[PDB]
Amino acid sequence: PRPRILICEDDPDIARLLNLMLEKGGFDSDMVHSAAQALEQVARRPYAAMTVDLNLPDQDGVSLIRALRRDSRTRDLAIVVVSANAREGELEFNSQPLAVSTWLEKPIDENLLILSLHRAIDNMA
């Protein structure tokens with residue numbers, strides 16, 4: 001519908017699942033499959049938030065998030081991690097500078113996903 005989410009996910013099936021779940025929750029979204037694509041695409045247009053897979057091919061998810069926080073135009077972009085090793089990733093790298101609103105595991109809790117994005121967007125705003 002309106003607020004647009006940038007989905008960065010390595011797995012085609014999961015990228016499409018997120019695209020479809022987000023639509024049910026009132027969100028438009030774009031799917032990309034790598035950190036490089038995410039960096040390029042995030043600048044091409046306004047995004048309310050990004051979902052990040054920790055296990056990416058090129059650069060891993062935390063590397064992508066760090067890069068985004070070091071750029072003024074994406075320092076306030078709400079980010080939600082959706083990954084298989086989300087919990088251990090959070091325990092190891094989470095920090096205020098990283099500013100990741102929520103770390104979600106797979107299988108994905110749809111309700112928590114939509115709730116978390118709404119929360120993340122409003123808190124960053």
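Calculate for the chain the 222 nm mean residue ellipticity that helices alone would give, adding -39,500 (n - 2.57) per DSSP H run of length 4 or more and normalising by residue count, nearest 500 deg cm²/dmol. Show your work: numbers first, answer last.
Details: 5 runs with 55 residues, N = 125.
One gets -13500 deg cm²/dmol as the mean residue ellipticity at 222 nm.
Need the full-extension length gain, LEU115 to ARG2, defined as separation in residues times 0.36 nm minus the C-alpha distance. One decimal, nm.
So the extension gain works out to 39.1 nm.
At a temperature of 20 °C and a viscosity of 1.002 mPa s, determine how fast the chain diffuses translationally according to Stokes-Einstein, using the Kirkwood radius over alpha-carbon pairs as Rh; express D in µm²/s, rounded to the nearest whole number.
Taking Rh from Cα pairs, D becomes 153 µm²/s.
Please compute the contact order of the chain in relative form: average sequence separation of alpha-carbon pairs under 8 Å and at least six residues apart, divided by the residue count, as a percent. Spell out each step's value before the answer.
Details: 215 pairs, mean separation 28.1, N = 125.
For the chain, the relative contact order is 23 percent.
Put a dot 7 Å past each Cα toward the Cβ at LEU91 and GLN41; how far apart are the dots in nm?
Here the answer is 3.1 nm between the modelled labels.
Sequence-distant or interchain residues sharing an amide H contact under 5 Å with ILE79, placed H: which?
The answer is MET50, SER101.
None of the figures in this text is laboratory data; all of them are computed from the coordinates on show. Cβ sites come from the backbone with ideal geometry, for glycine too, and all protein chains shown count toward neighbours.
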